[PDB]
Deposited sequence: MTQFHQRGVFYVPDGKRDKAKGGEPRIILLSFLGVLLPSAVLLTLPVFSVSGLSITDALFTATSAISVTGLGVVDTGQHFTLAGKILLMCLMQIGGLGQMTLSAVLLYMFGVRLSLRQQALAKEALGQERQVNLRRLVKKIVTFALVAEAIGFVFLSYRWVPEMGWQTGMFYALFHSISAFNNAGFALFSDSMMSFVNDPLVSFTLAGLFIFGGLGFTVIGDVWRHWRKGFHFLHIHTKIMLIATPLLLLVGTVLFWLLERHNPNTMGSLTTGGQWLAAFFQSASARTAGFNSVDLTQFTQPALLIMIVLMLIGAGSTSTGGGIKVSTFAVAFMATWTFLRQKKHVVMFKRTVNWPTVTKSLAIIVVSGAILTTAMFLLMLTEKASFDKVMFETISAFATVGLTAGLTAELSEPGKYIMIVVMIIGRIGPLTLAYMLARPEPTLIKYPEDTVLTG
């Protein structure tokens, strides 16, 4: 309908400010709420409540305390709402900013030479509820007979929301450890964060243009529809190869159980948080592969992720273009322009710089092996929330650092994307000089 906007006023991106205040505008009121003893059986410390509130809003799922026991029924519902706000809130907020970014692009194109925002938000909410509804009934098919009518629905509806939102919060002491060989819950959860971590743009593009075929889909949709099954396949096969002979975590399973555990871990590695198998007794070569999977994350307009799959895909094919010394980066017979290539490369290098300082700080505040420090830092930054045992023994300074890593990792790649999009214009430019690289 009406394609227009009101300019902010007297020319730098204000969208990073919108994202930053939106996240801080909900974390602080949620933090003081968790201090009230109505939500916790015994009460939480200011640091513990802040860490829990950050993990719920970031939907990282990292817990300094046990979710199932330390929180009351009111607290469990409070956690339920927050992971709606963290996952669906970002998914809606990213879609709203993406919609408004295109509107400014469209009007500037008209000056030189689509549904409305309210309509778009309705589909985002509708998709989230219908997806969680499908997960709810399938999860209720098993848990209701086991635990009863009222407990069965609550656990089913809790985990349907958590899985779709990429939250990873589990009401059991061990996250999905009791369902290693159970396909119903393992696949119901898997589908929830696979499509939850797929992006509204991918779902929306497939919804509106599936009849024209795959060839006429958007470039971003084609990337996600190929890389996500490719990442799931390589994750499942490579986890299976490195863990089939380890007695501690996966060696005592059936042949079908071998692949179910391998697939579930790979699917949850891409920012879900559930772990069918134990990560403490999980071999180092498989730790690195999961670390890569956590970084690659989910889609751009999804419920969770680190750097997104499209960001990894562009840099991966930029490298292929560079080694074959092609002039343009090309996928699906489309040229990826250099600013997009710069955005993909800049996000990786900035994230790596943040990760290195965060990793360095943790080994100072707490004393543990480096393989544990790197794994925890990636999980907090990539918002996966998979732990390797260092989270339980975290110190007070370590909790503060991990809160900052969770906040920066949740908004960083999306915020740095928009800073690169609209830099402040300058009337004074300096001469260009060549700097030797290599």
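Residues of the deposited sequence with no modelled C-alpha atom fall in the ranges 1 to 6, 17 to 19, 123 to 130.
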